[PDB]
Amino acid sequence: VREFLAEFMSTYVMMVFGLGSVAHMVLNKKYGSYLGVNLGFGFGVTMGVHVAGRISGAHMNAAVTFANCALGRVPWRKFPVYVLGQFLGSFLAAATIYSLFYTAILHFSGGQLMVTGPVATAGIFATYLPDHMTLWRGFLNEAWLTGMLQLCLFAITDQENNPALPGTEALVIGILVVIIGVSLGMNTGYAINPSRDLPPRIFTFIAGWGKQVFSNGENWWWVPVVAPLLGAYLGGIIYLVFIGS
């Protein structure tokens, strides 16, 4: 199916720019930036939309695919093909960054693929909640942040309201992902996307970071998987209730 390779290609490109920006922020502090993370993932989404926006819609996100189907906009038969396409692309993008930044991660870490400590590198690929946070509040943040993403996504592409001019939606959508990081990313790393979080964390477990990538943060791994699903659905519902009312 053409929507499989479209979701694969757009998610791969998006995650390369994304996870590469995060690797920059962690590895070097003269070449890395939290703002660069916001820009790398944001405008990384802009490139993916140019890749697959006209073929599959360029979801690059299992939450917005789940929310579109659960809202009667995409047939339920296309949910597995969309999810596996972005899961495979995100997995391969994690392997891409790991190999491109290999000696950079090695020299920085001295050869220790660590998840805790002042030299940890697991946070490049997946999300790990800071020490000041609780798992329930991380669920609340991921749900609310994905809700903001879905509500704002509908408004940018709503041809019956006030959408971005066609041919520029790629810009406005990337800017939304930029400011979601700038304004809401410190508390959880704004995963807002199961395809962005679980495939790279699965890669880190196989790569050699071990099993603590899953158990860190009171078994944190499942929250970026199900919390955005509830968030994206809730966000889309509130817009559709806001629209026509």
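Numbers for residues come from their place in the sequence shown, where the first is 1.
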Avg C-alpha B-factor, entry values, 108-116 vs 138-146, higher side is 108-116
Once average C-alpha B-factors are taken from the entry for 210-218 and 60-68, the winner is 210-218
Residue with highest C-alpha B-factor in the PDB entry, from 184, 178, 47, 27: 27
From 151, 133, 97, 165, which pick has the Cα B-factor that tops the rest in the entry? 133
Taking the chain's C-alpha temperature factors as the reference, tell me which third residue 174 falls into: lowest, middle or highest. lowest
Sorting the chain's modelled residues by C-alpha B-factor and splitting them into thirds places residue 121 in the highest
Residue 35: C-alpha B-factor third of its chain, per the entry, is the lowest
Split the chain's modelled residues into thirds by Cα B-factor; is residue 198 in the lowest, middle or highest one? middle
Splitting the chain's C-alpha B-factors into thirds, which one does residue 157 fall into? lowest
